[PDB]
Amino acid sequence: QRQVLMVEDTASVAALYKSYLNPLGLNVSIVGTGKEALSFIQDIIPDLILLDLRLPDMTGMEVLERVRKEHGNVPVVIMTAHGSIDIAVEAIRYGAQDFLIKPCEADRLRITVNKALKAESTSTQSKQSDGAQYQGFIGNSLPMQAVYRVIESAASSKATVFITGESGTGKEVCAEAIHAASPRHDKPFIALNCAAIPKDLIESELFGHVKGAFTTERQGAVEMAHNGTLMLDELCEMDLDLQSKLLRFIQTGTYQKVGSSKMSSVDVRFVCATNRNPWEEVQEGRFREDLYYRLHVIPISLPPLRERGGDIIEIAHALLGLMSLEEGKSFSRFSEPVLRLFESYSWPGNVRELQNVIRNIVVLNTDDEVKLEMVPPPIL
């Protein structure tokens, strides 16, 4: 059983976060001081440390320093309030793997923990900027609460989940949430983006191929995903010929590797996503109607940023830390007039536009605080 050490001196928060992790079937140990965390580690090296920056006997940075003096590999995820993004960024620079903005929600914590444990000891590869909060999957606006509700109900079912929403609204992270809350959480999570692959290769990427299939026997997504979750992202980009083979695979669980006539089978739970209107794609003859009704079982609609109220403040704070790290700067807060302006703007490009705007600010300015004079058009 994997071990997570939670260094958290607020007992109610530690209990809440431990309850969030219940679906993952882990051994979670709570300590409330740096002394007790370091004592634990002398005996048992955990598979992950969740480390609050604020502790009664020493700072979280001091814990991190003392851990890294003897343990260079154990993953550390920092838990921080808005007010300590400056310290969270310095913690990453010193040797921590990611930071989580508090308060945290159940799905975001499960995704972060599951990704940190699988990265160490096989799912689709992941890095820091792939973290849930940077993709917009953070906050407790009513529209997001509706998403979390469906994830919780659906995760335990094998029924296919069909995710819609504009580009950059959190659809891929929503699929990771389903996986982490499901009984398949410890099995592979495989995401294939159907737009990211050329058409002459996507059948091979999905179903594998044998040696000399086209100008050695490689394993496709369906095989990598066996007993786990297969996510088909940007699914409406798939061509009609491949759609017919996908429908056959969904119905029968059977497939052929490219270049082979041999029949193979796997057991996957399906999630898919599109930023198109899927029924419109059916009406226009671009998407098979039978495939639509086969897949459109448990629908989830991600709300755009303009419908999510105060969530934008949380995402912006996460991204300010991420862009400071990426661009070698030390921004850690926004002025209140900047935040008011971010709340009034409708973000037509959703999280990608938010990332762009914050990156532009961080590249062009050197400050600890984002001020109104830094905000580009068309925001102001």
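Quick note: we count residues from 1 along the sequence shown, nothing fancier.
According to the PDB entry, the deposited sequence contains 1 to 3 residues between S121 and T122 that lack coordinates. Checked against the record, the higher mean CA B factor of 80-88 and 162-170 lies with 80-88.
Across the two stretches, 262-270 and 109-117, the PDB entry reports the greater mean Cα temperature factor for 262-270. In this structure the maximum Cα B-factor among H296, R288, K257, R308 is found at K257. When the Cα B-factors of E234, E280, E152, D98 are read from the PDB record, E280 comes out highest. Per the deposited record, the Cα B-factor of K245 falls in the middle third when ranked against the other modelled residues of its chain. Sort the chain's modelled residues by C-alpha temperature factor and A180 lands in the lowest third, per the entry. Among all modelled residues in its chain, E36 ranks in the lowest third by Cα B-factor. Placement of the Cα temperature factor of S324 within the chain: lowest third of the modelled residues, per the deposited record.
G349: CA B factor lies in the lowest third for its chain, per the PDB record.
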